[PDB]
Amino acid sequence: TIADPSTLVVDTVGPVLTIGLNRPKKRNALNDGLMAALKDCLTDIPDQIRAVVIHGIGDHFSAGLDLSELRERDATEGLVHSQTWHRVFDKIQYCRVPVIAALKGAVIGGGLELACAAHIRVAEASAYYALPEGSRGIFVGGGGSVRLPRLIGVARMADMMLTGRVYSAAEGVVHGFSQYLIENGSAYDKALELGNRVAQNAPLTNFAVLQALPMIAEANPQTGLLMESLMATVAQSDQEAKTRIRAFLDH
Amino acid sequence: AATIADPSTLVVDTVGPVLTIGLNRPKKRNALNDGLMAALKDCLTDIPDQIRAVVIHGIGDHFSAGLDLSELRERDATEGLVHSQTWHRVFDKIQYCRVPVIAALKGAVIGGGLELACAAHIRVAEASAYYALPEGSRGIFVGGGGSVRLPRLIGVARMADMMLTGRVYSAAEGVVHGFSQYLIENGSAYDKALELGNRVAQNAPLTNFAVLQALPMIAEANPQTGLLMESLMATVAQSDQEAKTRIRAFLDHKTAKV
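Residues numbered from 1 in each chain as written, not as in the entry; some residues may be left out. Chains lettered and ligands numbered in written order. Heavy atoms only, no water.

1. Digging into unusual backbone geometry
Residues and elements named next belong to chain B. Positioned with a positive phi, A2 is a non-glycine residue whose angle comes to about 65°. Along the chain, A2 falls in the segment before β1 (10-15). Given a relative accessible area of 72%, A2 falls into the exposed group. (Helix = DSSP H or I, 4+ residues; strand = E, 2+ residues; numbered from the N terminus. Buried < 20%, exposed > 50% of the residue type's maximum accessible area, 1.4 Å probe, protein only.)

2. A short note on the domain arrangement of chain B
Residues and elements named next belong to chain B. Each assigned domain of chain B is listed with its residue range as follows: domain 1 (1-203) and domain 2 (204-258). Taken together, the contacts link nine residues of domain 1 with eight residues of domain 2. Contact with domain 2 buries surface across domain 1, with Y96, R152 and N203 losing the most and accounting together for 55% of the total. One can count one salt bridge joining domain 1 with domain 2. The partner of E220 in a salt bridge is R152, and the shortest N-O contact between them spans 2.9 Å. Applying the counting rule to domain 1 against domain 2 returns three residue pairs in polar contact. (Domains from an automatic or database assignment. Contact = heavy atoms within 4.5 Å. Buried area = accessible area lost by both parts, 1.4 Å probe. Salt bridge = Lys/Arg side-chain N within 4 Å of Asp/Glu carboxyl O. Polar contact = N/O pair within 3.5 Å; in protein donor to acceptor, adjacent residues only side chain to side chain.)

3. Side note on helix α10 (residues 241-257) of chain B
All names here are of chain B. For α10, with 17 residues, the first-to-last C-alpha span of 25 Å sits near the 24 Å given by 1.5 Å per residue. N-cap assignment for α10: the residue whose side-chain oxygen lies 2.9 Å from the backbone N of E242 is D240. Positive backbone phi, approximately 20°, marks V258, located one or two places after α10. (Expected span 1.5 Å × (residues − 1).)

4. Notes on the pairing of strand β1 (residues 8-13) of chain A
All names here are of chain A. Examined bridge by bridge, β1 and strand β2 (residues 16-21) share six bridges and lie antiparallel to one another. By the bridge assignment, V10 is partnered in β2 with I19. Between the antiparallel neighbours β1 and β2 lie two residues, among them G14 with a positive phi of about 55°. (Pairing = 2+ DSSP bridges.)

5. Some words on the packing of helix α8 (residues 205-220) of chain B against helix α9 (residues 223-239) of chain B
Residue and element names in this part refer to chain B. At a minimum axis separation of 11 Å, α8 and α9 run at an interaxial angle of 175°. Classified by the angle their axes make, α8 and α9 are roughly antiparallel. Counting all contacts with α8, which are made through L206, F209, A210, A214, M217 and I218, the residues of α9 involved are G226, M229, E230, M233, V236 and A237. For the contact of α8 with α9, a count of residues per class yields 10 nonpolar, one polar and one charged. (Axes fitted to C-alpha atoms, helices over the stretch in contact; angles between N-to-C directions. Parallel < 35°, antiparallel > 145°, perpendicular 65-115°, else oblique. Nonpolar A, V, L, I, M, F, W, Y, C, P; charged D, E, K, R; others polar.)

6. Comments concerning the environment of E71 of chain B
All names here are of chain B. Looking at where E71 falls in the secondary structure, it is placed in the loop between β3 (53-58) and α2 (77-95). By relative accessible area, which is 39% here, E71 ends up partly exposed. A C-alpha to C-alpha distance of 29 Å links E71 and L19, two positions 52 residues apart in sequence. The contact partners of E71, leaving out residues within four places of it in the chain, are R25, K28 and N33. A distance of 2.9 Å separates polar atoms of two side chains, one belonging to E71 and the other to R25.

7. Regarding the domain arrangement of chain A
Residues and elements named next belong to chain A. In terms of domains, chain A is made up of domain 1 (1-201) and domain 2 (202-251). A separation of 28 Å is found between the C-alpha centroids of domain 1 and domain 2. Each partner contributes residues to the interface: domain 1 has 10 residues there, and domain 2 has eight residues. Carbon and sulfur atoms supply 45% of the area buried between domain 1 and domain 2, which totals about 690 Å² over both sides. Its largest share of buried area at the contact with domain 2, domain 1 owes to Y94, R150 and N201, together 55% of the area lost on that side. The interface formed by domain 1 and domain 2 contains one salt bridge.

8. Some points on the packing of aromatic side chains
A complete count under the given rule lists five aromatic pairs over all chains for this structure. On the basis of an interplanar angle of 75° and a centroid distance of 5.9 Å, the ring pair of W85 of chain A and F89 of chain A is categorised as edge-to-face. Placement of the pair is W85 of chain A and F89 of chain A together in helix α2 (residues 75-93), with a separation of four residues, close to one helical turn. Residue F89 of chain A is classed as buried on the basis of its relative accessible area, which comes to 0%. Seen in terms of ring centroids, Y169 of chain B and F179 of chain B are 5.4 Å apart; in terms of plane orientation they differ by 50°. Their pairing is tilted. Taken as a pair, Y169 of chain B in strand β8 (residues 169-170) and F179 of chain B in the loop between α6 (171-177) and β9 (182-184) lie far apart in primary sequence, 10 residues in all. (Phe/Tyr/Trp six-rings, centres within 6.5 Å; stacked < 30°, edge-to-face > 60°.)

9. Description of the pattern of salt bridges
Counting across every chain of the model gives 19 salt bridges over all chains. Its salt-bridge partner being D66 of chain A, residue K26 of chain A comes within 3.4 Å of it at the nearest N-O pair. Separated by 40 residues along the polypeptide, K26 of chain A in the loop between β2 and α1 (32-41) and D66 of chain A in the loop between β3 (51-56) and α2 bring together distant segments of the chain. Between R87 of chain A and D90 of chain A there is a salt bridge whose closest N-O contact spans 2.8 Å. On the criterion of helical spacing, the pair formed by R87 of chain A and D90 of chain A is a turn pair, its members being three residues apart in helix α2. Residues joined by salt bridges that share partners form a network here, namely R25, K28, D68 and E71 of chain B.

10. Details of the pairing of β3 of chain B
Residue and element names in this part refer to chain B. For β3, the tally of buried residues reaches six of six residues, placing the bulk of the element in the interior. Neither face of β3 is left uncovered, since the one carrying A53, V55 and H57 and the one carrying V54, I56 and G58 both have all their residues buried. Of the strand pairs in this sheet, strand β2 (residues 18-23) and β3 are connected by six bridges, and their pairing is parallel. Paired with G22 across the bridge in β3 is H57. Here three bridges tie β3 to strand β4 (residues 101-105), and the two strands are oriented parallel to one another. From the neighbouring strand, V54 faces β4, where its bridge partner is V101. Crossover β3 to β4 through α2 is right-handed. (Right-handed = clockwise from strand over helix to strand, strands pointing away.)

Structure follows, in C-alpha coordinates:
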(Lines give C-alpha, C1' and ligand atoms only; values in the text may rest on other atoms or scores of the structure.)
Protein backbone atom coordinates (compact mmCIF):
# COMPACT_ATOMS: atom_id res chain seq x y z
CA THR A 1 0.00 0.00 0.00
CA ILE A 2 1.24 3.45 -0.88
CA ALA A 3 -0.31 6.40 0.94
CA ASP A 4 -2.42 8.38 -1.60
CA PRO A 5 -2.14 12.08 -0.48
CA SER A 6 -4.70 13.16 -3.18
CA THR A 7 -7.50 11.69 -1.13
CA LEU A 8 -7.00 14.26 1.71
CA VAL A 9 -6.93 18.04 2.11
CA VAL A 10 -4.49 18.97 4.80
CA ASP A 11 -4.15 22.48 6.11
CA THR A 12 -3.05 24.34 9.16
CA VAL A 13 -5.26 27.09 10.53
CA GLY A 14 -3.25 28.67 13.32
CA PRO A 15 -2.57 25.80 15.81
CA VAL A 16 -5.29 23.47 14.37
CA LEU A 17 -4.24 20.80 11.85
CA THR A 18 -7.21 20.14 9.59
CA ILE A 19 -7.63 16.96 7.60
CA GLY A 20 -10.42 16.80 5.06
CA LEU A 21 -11.43 13.46 3.60
CA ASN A 22 -11.34 14.21 -0.07
CA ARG A 23 -13.08 11.55 -2.19
CA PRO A 24 -16.44 13.19 -2.45
CA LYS A 25 -17.36 11.27 -5.64
CA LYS A 26 -17.26 8.06 -3.55
CA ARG A 27 -18.70 9.90 -0.52
CA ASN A 28 -15.29 9.86 1.17
CA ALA A 29 -15.16 6.08 1.23
CA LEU A 30 -12.02 4.84 3.08
CA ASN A 31 -9.64 2.84 0.86
CA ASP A 32 -6.10 1.77 1.73
CA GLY A 33 -4.64 4.83 0.10
CA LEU A 34 -6.75 7.25 2.13
CA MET A 35 -6.01 5.36 5.39
CA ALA A 36 -2.23 5.17 4.82
CA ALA A 37 -2.08 8.91 3.99
CA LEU A 38 -4.21 9.67 7.09
CA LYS A 39 -1.85 7.55 9.20
CA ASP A 40 0.97 9.72 7.78
CA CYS A 41 -0.57 13.11 8.69
CA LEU A 42 -1.02 11.77 12.20
CA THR A 43 2.62 10.76 12.49
CA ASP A 44 5.22 13.19 13.89
CA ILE A 45 2.68 15.93 14.07
CA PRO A 46 4.55 19.34 14.09
CA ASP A 47 4.82 20.91 17.58
CA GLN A 48 2.84 24.10 16.73
CA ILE A 49 -0.20 21.93 16.16
CA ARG A 50 -2.32 21.79 19.27
CA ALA A 51 -5.54 20.31 17.78
CA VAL A 52 -6.79 18.26 14.91
CA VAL A 53 -10.05 18.57 13.02
CA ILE A 54 -11.04 15.80 10.73
CA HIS A 55 -13.79 16.76 8.29
CA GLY A 56 -15.35 15.71 4.99
CA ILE A 57 -15.22 17.57 1.70
CA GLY A 58 -18.70 17.49 0.18
CA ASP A 59 -22.05 16.59 1.76
CA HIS A 60 -20.75 13.53 3.71
CA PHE A 61 -18.21 12.66 6.37
CA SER A 62 -17.64 9.10 5.21
CA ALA A 63 -19.68 6.28 3.82
CA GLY A 64 -17.03 3.81 5.01
CA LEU A 65 -15.53 0.96 3.01
CA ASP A 66 -14.70 1.62 -0.65
CA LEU A 67 -17.03 -0.79 -2.41
CA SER A 68 -15.32 -0.47 -5.75
CA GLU A 69 -11.94 -1.46 -4.21
CA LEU A 70 -13.73 -4.33 -2.50
CA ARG A 71 -10.99 -6.97 -2.25
CA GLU A 72 -10.88 -10.77 -1.91
CA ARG A 73 -9.43 -12.01 1.38
CA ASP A 74 -8.72 -15.27 3.17
CA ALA A 75 -8.90 -15.50 7.00
CA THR A 76 -5.22 -14.59 7.41
CA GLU A 77 -5.29 -11.67 4.98
CA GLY A 78 -8.41 -10.26 6.64
CA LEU A 79 -6.79 -10.39 10.10
CA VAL A 80 -3.77 -8.43 8.78
CA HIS A 81 -5.97 -6.01 6.92
CA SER A 82 -8.18 -5.24 9.96
CA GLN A 83 -4.99 -4.91 12.08
CA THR A 84 -3.68 -2.29 9.65
CA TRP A 85 -6.88 -0.29 10.05
CA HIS A 86 -6.44 -0.52 13.87
CA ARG A 87 -2.92 0.93 13.56
CA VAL A 88 -4.22 3.94 11.71
CA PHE A 89 -7.00 4.50 14.30
CA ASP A 90 -4.42 4.23 17.05
CA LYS A 91 -2.88 7.44 15.69
CA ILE A 92 -6.21 9.14 16.33
CA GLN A 93 -7.22 7.70 19.69
CA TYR A 94 -3.70 8.11 21.04
CA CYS A 95 -2.87 11.41 19.19
CA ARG A 96 -0.70 13.75 21.30
CA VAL A 97 -3.38 16.44 20.83
CA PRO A 98 -7.27 16.23 20.82
CA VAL A 99 -8.86 15.14 17.56
CA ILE A 100 -12.26 16.51 16.81
CA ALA A 101 -14.36 15.14 14.04
CA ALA A 102 -16.87 17.38 12.23
CA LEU A 103 -19.67 14.99 11.11
CA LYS A 104 -22.34 15.64 8.48
CA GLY A 105 -24.33 13.54 5.95
CA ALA A 106 -23.14 9.86 5.94
CA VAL A 107 -21.24 8.51 9.01
CA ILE A 108 -21.56 4.89 8.13
CA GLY A 109 -19.54 1.69 8.72
CA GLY A 110 -15.86 2.45 8.79
CA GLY A 111 -16.84 6.12 8.57
CA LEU A 112 -18.56 5.74 11.92
CA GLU A 113 -15.56 3.72 13.19
CA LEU A 114 -13.37 6.61 12.18
CA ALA A 115 -15.57 9.16 13.94
CA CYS A 116 -15.42 6.88 16.99
CA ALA A 117 -11.67 7.00 17.18
CA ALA A 118 -11.74 10.83 17.55
CA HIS A 119 -12.01 12.48 21.05
CA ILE A 120 -14.84 14.91 20.39
CA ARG A 121 -17.53 14.63 17.61
CA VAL A 122 -19.52 17.63 16.43
CA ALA A 123 -22.56 16.72 14.42
CA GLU A 124 -24.44 18.91 12.01
CA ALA A 125 -28.20 18.14 11.48
CA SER A 126 -27.66 16.20 8.26
CA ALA A 127 -25.38 13.57 9.88
CA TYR A 128 -26.59 9.99 10.19
CA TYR A 129 -25.19 6.81 11.63
CA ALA A 130 -25.43 3.26 10.45
CA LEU A 131 -23.57 -0.03 10.48
CA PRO A 132 -24.85 -1.49 7.27
CA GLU A 133 -22.28 -4.20 6.88
CA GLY A 134 -24.36 -6.70 8.84
CA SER A 135 -26.75 -6.97 5.89
CA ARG A 136 -23.82 -8.38 3.94
CA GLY A 137 -22.68 -10.90 6.62
CA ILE A 138 -19.62 -8.70 7.59
CA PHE A 139 -18.75 -7.87 11.26
CA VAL A 140 -16.89 -4.58 12.02
CA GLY A 141 -13.08 -4.58 11.58
CA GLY A 142 -12.24 -0.99 12.39
CA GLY A 143 -12.44 -0.80 16.16
CA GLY A 144 -16.17 -0.21 16.27
CA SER A 145 -16.86 -3.15 18.54
CA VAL A 146 -14.56 -1.69 21.18
CA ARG A 147 -15.08 2.09 20.67
CA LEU A 148 -18.80 2.50 19.90
CA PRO A 149 -20.21 0.54 22.88
CA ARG A 150 -18.18 2.92 25.10
CA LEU A 151 -20.19 5.81 23.55
CA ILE A 152 -23.60 4.21 23.04
CA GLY A 153 -23.76 0.86 24.90
CA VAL A 154 -23.80 -2.69 23.45
CA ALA A 155 -27.56 -2.98 23.19
CA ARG A 156 -28.01 0.02 20.77
CA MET A 157 -25.04 -1.20 18.69
CA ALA A 158 -26.26 -4.75 18.57
CA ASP A 159 -29.65 -3.47 17.29
CA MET A 160 -27.94 -1.30 14.60
CA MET A 161 -25.98 -4.29 13.42
CA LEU A 162 -28.85 -6.71 13.44
CA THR A 163 -31.51 -4.51 11.78
CA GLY A 164 -29.60 -1.83 9.82
CA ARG A 165 -31.14 0.78 12.08
CA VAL A 166 -30.14 4.31 11.22
CA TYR A 167 -29.86 7.21 13.70
CA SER A 168 -30.10 10.97 12.86
CA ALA A 169 -27.75 13.56 14.33
CA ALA A 170 -30.59 14.74 16.63
CA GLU A 171 -31.25 11.21 17.97
CA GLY A 172 -27.53 10.65 18.04
CA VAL A 173 -26.59 13.38 20.46
CA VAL A 174 -28.92 11.96 23.14
CA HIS A 175 -27.68 8.36 22.62
CA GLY A 176 -23.96 9.18 22.77
CA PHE A 177 -22.83 9.40 19.13
CA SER A 178 -21.65 12.96 19.62
CA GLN A 179 -21.07 15.45 22.31
CA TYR A 180 -22.32 18.26 20.13
CA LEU A 181 -25.18 18.90 17.75
CA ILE A 182 -25.32 21.97 15.55
CA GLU A 183 -28.98 22.20 14.52
CA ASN A 184 -28.38 25.17 12.28
CA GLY A 185 -24.93 25.85 10.97
CA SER A 186 -21.72 24.11 10.26
CA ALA A 187 -20.00 21.27 12.13
CA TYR A 188 -16.62 22.34 10.67
CA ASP A 189 -16.81 25.88 12.10
CA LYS A 190 -17.77 24.60 15.54
CA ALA A 191 -15.00 21.94 15.44
CA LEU A 192 -12.59 24.74 14.55
CA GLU A 193 -13.79 26.81 17.55
CA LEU A 194 -13.34 23.78 19.73
CA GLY A 195 -9.89 23.23 18.18
CA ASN A 196 -8.95 26.76 19.11
CA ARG A 197 -10.29 26.28 22.61
CA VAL A 198 -8.53 22.97 23.37
CA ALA A 199 -5.38 24.57 21.91
CA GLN A 200 -5.11 26.75 25.02
CA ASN A 201 -4.72 23.70 27.26
CA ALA A 202 -1.58 22.75 29.15
CA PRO A 203 0.00 19.66 27.44
CA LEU A 204 -0.31 17.66 30.60
CA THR A 205 -4.04 18.38 30.58
CA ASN A 206 -4.14 16.67 27.21
CA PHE A 207 -2.12 13.75 28.40
CA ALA A 208 -4.25 13.24 31.47
CA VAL A 209 -7.56 13.55 29.71
CA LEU A 210 -6.68 11.71 26.51
CA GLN A 211 -4.58 8.97 27.95
CA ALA A 212 -5.06 8.55 31.61
CA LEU A 213 -8.84 9.31 31.99
CA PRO A 214 -10.13 6.41 29.81
CA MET A 215 -7.83 3.98 31.69
CA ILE A 216 -8.69 5.31 35.12
CA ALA A 217 -12.43 5.09 34.35
CA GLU A 218 -12.10 1.51 33.19
CA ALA A 219 -10.01 0.28 36.14
CA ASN A 220 -11.12 -1.40 39.39
CA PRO A 221 -12.34 1.59 41.31
CA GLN A 222 -9.70 1.36 44.00
CA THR A 223 -7.10 1.20 41.27
CA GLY A 224 -8.57 4.11 39.31
CA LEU A 225 -8.77 6.22 42.45
CA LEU A 226 -5.02 5.77 43.28
CA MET A 227 -4.15 6.29 39.61
CA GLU A 228 -6.17 9.50 39.83
CA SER A 229 -4.30 10.88 42.81
CA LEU A 230 -1.09 10.19 40.99
CA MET A 231 -2.11 11.84 37.69
CA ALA A 232 -3.55 14.79 39.60
CA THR A 233 -0.47 15.36 41.73
CA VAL A 234 1.77 15.26 38.72
CA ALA A 235 -0.49 17.65 36.73
CA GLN A 236 -0.84 20.07 39.66
CA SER A 237 2.87 20.07 40.38
CA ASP A 238 3.80 20.87 36.79
CA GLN A 239 5.33 24.33 36.02
CA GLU A 240 2.57 25.27 33.52
CA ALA A 241 -0.02 24.57 36.24
CA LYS A 242 1.82 26.70 38.70
CA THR A 243 2.10 29.49 36.09
CA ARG A 244 -1.65 29.27 35.36
CA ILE A 245 -2.46 29.17 39.12
CA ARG A 246 -0.29 32.26 39.80
CA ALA A 247 -1.45 34.43 36.83
CA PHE A 248 -5.18 33.91 37.76
CA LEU A 249 -4.40 34.39 41.55
CA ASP A 250 -2.25 37.55 40.87
CA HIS A 251 -5.32 39.11 39.15
CA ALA B 1 -26.60 -31.06 14.13
CA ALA B 2 -24.41 -32.75 16.90
CA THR B 3 -21.93 -35.64 16.75
CA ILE B 4 -23.02 -39.07 17.86
CA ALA B 5 -21.30 -40.53 20.97
CA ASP B 6 -19.02 -43.57 20.49
CA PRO B 7 -19.33 -45.12 23.93
CA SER B 8 -16.99 -47.99 22.94
CA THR B 9 -14.14 -45.46 23.23
CA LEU B 10 -14.70 -45.16 27.04
CA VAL B 11 -14.80 -47.62 29.89
CA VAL B 12 -17.17 -46.36 32.56
CA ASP B 13 -17.65 -47.91 36.00
CA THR B 14 -18.97 -46.82 39.36
CA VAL B 15 -16.80 -47.70 42.35
CA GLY B 16 -18.72 -46.72 45.50
CA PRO B 17 -19.65 -43.10 44.92
CA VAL B 18 -16.94 -42.53 42.28
CA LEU B 19 -17.82 -42.57 38.58
CA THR B 20 -14.73 -43.78 36.83
CA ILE B 21 -14.15 -42.90 33.21
CA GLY B 22 -11.38 -44.63 31.32
CA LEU B 23 -10.19 -43.32 27.98
CA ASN B 24 -10.14 -46.41 25.88
CA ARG B 25 -8.47 -45.99 22.46
CA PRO B 26 -5.23 -47.62 23.52
CA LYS B 27 -3.98 -48.50 19.98
CA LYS B 28 -3.71 -44.78 19.43
CA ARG B 29 -2.72 -43.76 22.96
CA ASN B 30 -6.22 -42.57 23.70
CA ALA B 31 -6.15 -40.04 20.94
CA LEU B 32 -9.27 -37.85 21.32
CA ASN B 33 -11.85 -37.76 18.48
CA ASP B 34 -15.38 -36.45 18.11
CA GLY B 35 -17.19 -39.56 19.20
CA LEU B 36 -15.03 -40.05 22.25
CA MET B 37 -15.62 -36.43 23.18
CA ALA B 38 -19.36 -36.82 22.60
CA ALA B 39 -19.43 -40.01 24.71
CA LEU B 40 -17.48 -38.06 27.36
CA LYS B 41 -19.96 -35.19 27.43
CA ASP B 42 -22.72 -37.79 27.82
CA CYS B 43 -21.08 -39.41 30.86
CA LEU B 44 -20.89 -35.96 32.48
CA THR B 45 -24.54 -35.03 31.64
CA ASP B 46 -27.16 -35.68 34.37
CA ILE B 47 -24.61 -37.50 36.52
CA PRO B 48 -26.74 -39.57 38.90
CA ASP B 49 -27.18 -38.43 42.55
CA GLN B 50 -25.22 -41.29 44.10
CA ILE B 51 -22.03 -40.06 42.43
CA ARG B 52 -19.84 -37.74 44.50
CA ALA B 53 -16.63 -37.76 42.43
CA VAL B 54 -15.36 -38.50 38.94
CA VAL B 55 -11.95 -40.03 38.13
CA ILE B 56 -10.88 -39.77 34.50
CA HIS B 57 -8.06 -42.10 33.61
CA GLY B 58 -6.37 -43.84 30.66
CA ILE B 59 -6.54 -47.51 29.69
CA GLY B 60 -3.08 -48.55 28.51
CA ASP B 61 0.24 -46.87 29.08
CA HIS B 62 -1.03 -43.35 28.24
CA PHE B 63 -3.47 -40.74 29.39
CA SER B 64 -4.04 -39.17 25.95
CA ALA B 65 -1.80 -38.11 23.13
CA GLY B 66 -4.44 -35.58 22.18
CA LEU B 67 -6.03 -35.10 18.78
CA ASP B 68 -6.28 -38.17 16.49
CA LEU B 69 -3.91 -37.31 13.70
CA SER B 70 -5.33 -40.11 11.52
CA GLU B 71 -8.78 -38.62 11.76
CA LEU B 72 -8.21 -35.04 10.66
CA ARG B 73 -11.21 -33.61 8.96
CA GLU B 74 -10.76 -30.67 6.55
CA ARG B 75 -12.52 -27.58 7.86
CA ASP B 76 -12.94 -23.96 6.75
CA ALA B 77 -12.51 -21.04 9.18
CA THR B 78 -16.14 -21.17 10.21
CA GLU B 79 -16.13 -24.91 10.62
CA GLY B 80 -13.04 -24.85 12.80
CA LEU B 81 -14.67 -22.18 15.00
CA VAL B 82 -17.76 -24.40 15.35
CA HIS B 83 -15.57 -27.45 16.02
CA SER B 84 -13.45 -25.72 18.67
CA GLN B 85 -16.66 -24.54 20.41
CA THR B 86 -17.97 -28.10 20.39
CA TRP B 87 -14.91 -29.27 22.31
CA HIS B 88 -15.26 -26.39 24.71
CA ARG B 89 -18.76 -27.52 25.54
CA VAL B 90 -17.46 -30.97 26.45
CA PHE B 91 -14.77 -29.52 28.80
CA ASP B 92 -17.27 -27.18 30.44
CA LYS B 93 -18.95 -30.35 31.82
CA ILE B 94 -15.64 -31.17 33.49
CA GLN B 95 -14.77 -27.69 34.80
CA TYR B 96 -18.31 -26.95 35.94
CA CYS B 97 -19.13 -30.51 36.98
CA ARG B 98 -21.26 -30.62 40.11
CA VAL B 99 -18.75 -32.95 41.74
CA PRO B 100 -14.99 -32.78 41.69
CA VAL B 101 -13.15 -34.36 38.77
CA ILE B 102 -9.77 -35.98 39.29
CA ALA B 103 -7.53 -36.91 36.34
CA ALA B 104 -5.08 -39.79 36.79
CA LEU B 105 -2.11 -38.97 34.55
CA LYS B 106 0.49 -41.40 33.10
CA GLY B 107 2.54 -41.64 29.88
CA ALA B 108 1.50 -39.14 27.22
CA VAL B 109 -0.51 -36.04 28.34
CA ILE B 110 -0.07 -33.93 25.35
CA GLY B 111 -2.01 -31.41 23.20
CA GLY B 112 -5.76 -31.99 23.65
CA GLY B 113 -4.90 -34.57 26.32
CA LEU B 114 -3.23 -31.80 28.33
CA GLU B 115 -6.30 -29.57 27.73
CA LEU B 116 -8.55 -32.37 28.99
CA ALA B 117 -6.33 -32.74 32.03
CA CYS B 118 -6.49 -28.98 32.55
CA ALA B 119 -10.27 -29.00 32.76
CA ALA B 120 -10.08 -31.41 35.72
CA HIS B 121 -9.98 -29.96 39.23
CA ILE B 122 -7.17 -32.16 40.57
CA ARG B 123 -4.53 -34.06 38.61
CA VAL B 124 -2.45 -36.92 40.00
CA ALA B 125 0.64 -37.74 37.96
CA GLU B 126 2.52 -41.10 37.90
CA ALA B 127 6.27 -40.95 37.16
CA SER B 128 5.74 -41.79 33.43
CA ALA B 129 3.39 -38.83 32.73
CA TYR B 130 4.87 -36.24 30.39
CA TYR B 131 3.48 -32.95 29.11
CA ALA B 132 3.72 -31.15 25.82
CA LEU B 133 1.97 -28.94 23.33
CA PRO B 134 3.39 -30.20 19.99
CA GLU B 135 0.76 -28.33 17.94
CA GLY B 136 2.90 -25.29 17.22
CA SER B 137 5.18 -27.58 15.28
CA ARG B 138 2.26 -28.10 12.92
CA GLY B 139 1.57 -24.36 12.51
CA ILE B 140 -1.41 -24.46 14.87
CA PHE B 141 -2.71 -22.93 18.17
CA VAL B 142 -4.70 -24.83 20.91
CA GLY B 143 -8.51 -25.01 20.48
CA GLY B 144 -9.50 -26.97 23.55
CA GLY B 145 -9.36 -24.41 26.33
CA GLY B 146 -5.61 -24.78 26.94
CA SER B 147 -4.75 -21.08 26.49
CA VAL B 148 -7.27 -20.33 29.31
CA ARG B 149 -6.79 -23.17 31.78
CA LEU B 150 -3.13 -23.92 31.48
CA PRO B 151 -1.63 -20.49 32.14
CA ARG B 152 -3.69 -20.47 35.35
CA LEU B 153 -1.80 -23.62 36.37
CA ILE B 154 1.76 -22.89 35.09
CA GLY B 155 1.76 -19.21 33.97
CA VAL B 156 2.00 -17.76 30.42
CA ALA B 157 5.80 -17.72 30.31
CA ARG B 158 6.11 -21.52 30.61
CA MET B 159 3.22 -22.10 28.22
CA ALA B 160 4.59 -19.75 25.61
CA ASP B 161 7.96 -21.54 25.78
CA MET B 162 6.29 -25.02 25.45
CA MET B 163 4.40 -23.82 22.31
CA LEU B 164 7.30 -22.04 20.65
CA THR B 165 9.91 -24.78 21.21
CA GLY B 166 8.04 -28.07 21.82
CA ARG B 167 9.48 -28.30 25.32
CA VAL B 168 8.48 -31.45 27.24
CA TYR B 169 8.11 -31.75 31.03
CA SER B 170 8.24 -34.97 33.07
CA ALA B 171 5.82 -35.76 35.88
CA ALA B 172 8.57 -34.74 38.43
CA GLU B 173 9.20 -31.39 36.73
CA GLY B 174 5.46 -30.92 36.30
CA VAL B 175 4.38 -31.20 39.94
CA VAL B 176 6.80 -28.35 40.59
CA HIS B 177 5.65 -26.08 37.71
CA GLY B 178 1.97 -26.62 38.43
CA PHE B 179 0.82 -29.34 36.06
CA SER B 180 -0.41 -31.56 38.87
CA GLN B 181 -1.13 -31.17 42.51
CA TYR B 182 0.10 -34.66 43.17
CA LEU B 183 2.96 -36.87 42.06
CA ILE B 184 2.89 -40.61 42.66
CA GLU B 185 6.48 -41.82 42.21
CA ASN B 186 5.65 -45.49 42.84
CA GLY B 187 2.42 -47.25 42.00
CA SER B 188 -0.50 -45.91 40.32
CA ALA B 189 -2.12 -42.56 39.62
CA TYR B 190 -5.46 -44.44 39.27
CA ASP B 191 -5.17 -45.86 42.78
CA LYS B 192 -4.27 -42.43 44.18
CA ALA B 193 -7.00 -40.69 42.17
CA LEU B 194 -9.50 -43.15 43.48
CA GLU B 195 -8.55 -42.59 47.09
CA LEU B 196 -8.87 -38.83 46.45
CA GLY B 197 -12.33 -39.41 44.92
CA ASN B 198 -13.41 -41.36 48.05
CA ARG B 199 -12.14 -38.44 50.19
CA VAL B 200 -13.91 -35.58 48.31
CA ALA B 201 -16.95 -37.89 48.41
CA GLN B 202 -17.26 -37.12 52.12
CA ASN B 203 -17.65 -33.33 51.51
CA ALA B 204 -21.00 -31.45 51.90
CA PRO B 205 -22.48 -30.46 48.50
CA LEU B 206 -22.18 -26.76 49.27
CA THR B 207 -18.48 -27.25 49.91
CA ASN B 208 -18.13 -28.65 46.39
CA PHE B 209 -20.22 -25.79 45.13
CA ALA B 210 -18.13 -23.03 46.86
CA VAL B 211 -14.81 -24.58 45.96
CA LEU B 212 -15.48 -25.72 42.40
CA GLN B 213 -17.53 -22.79 41.21
CA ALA B 214 -17.31 -19.83 43.52
CA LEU B 215 -13.69 -19.97 44.50
CA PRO B 216 -12.23 -19.56 40.87
CA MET B 217 -14.58 -16.60 40.34
CA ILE B 218 -13.78 -14.94 43.64
CA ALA B 219 -10.02 -15.38 43.09
CA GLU B 220 -10.06 -13.64 39.66
CA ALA B 221 -12.41 -10.91 40.75
CA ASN B 222 -11.10 -7.54 41.70
CA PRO B 223 -10.23 -7.84 45.42
CA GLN B 224 -13.02 -5.78 47.02
CA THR B 225 -15.49 -7.72 44.96
CA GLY B 226 -14.01 -11.23 45.59
CA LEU B 227 -14.00 -10.35 49.24
CA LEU B 228 -17.67 -9.47 49.55
CA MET B 229 -18.51 -12.54 47.44
CA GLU B 230 -16.48 -14.64 49.87
CA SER B 231 -18.45 -13.33 52.86
CA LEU B 232 -21.60 -14.16 51.00
CA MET B 233 -20.52 -17.73 49.98
CA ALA B 234 -19.28 -18.22 53.52
CA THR B 235 -22.48 -17.31 55.27
CA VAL B 236 -24.62 -19.45 53.03
CA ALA B 237 -22.35 -22.44 53.46
CA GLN B 238 -22.18 -22.02 57.20
CA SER B 239 -25.85 -21.50 57.68
CA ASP B 240 -26.76 -24.74 55.82
CA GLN B 241 -28.22 -27.79 57.66
CA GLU B 242 -25.42 -30.17 56.54
CA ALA B 243 -22.83 -27.70 57.98
CA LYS B 244 -24.68 -27.43 61.32
CA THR B 245 -25.03 -31.15 61.58
CA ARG B 246 -21.28 -31.56 61.17
CA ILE B 247 -20.53 -28.82 63.73
CA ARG B 248 -22.97 -30.54 66.16
CA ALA B 249 -21.14 -33.88 65.73
CA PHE B 250 -17.68 -32.25 65.98
CA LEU B 251 -18.53 -30.55 69.32
CA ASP B 252 -20.42 -33.65 70.68
CA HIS B 253 -17.36 -35.86 70.20
CA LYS B 254 -14.98 -33.55 72.08
CA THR B 255 -17.61 -33.41 74.95
CA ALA B 256 -17.78 -37.22 74.75
CA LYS B 257 -13.94 -37.27 75.22
CA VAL B 258 -13.34 -34.52 77.93
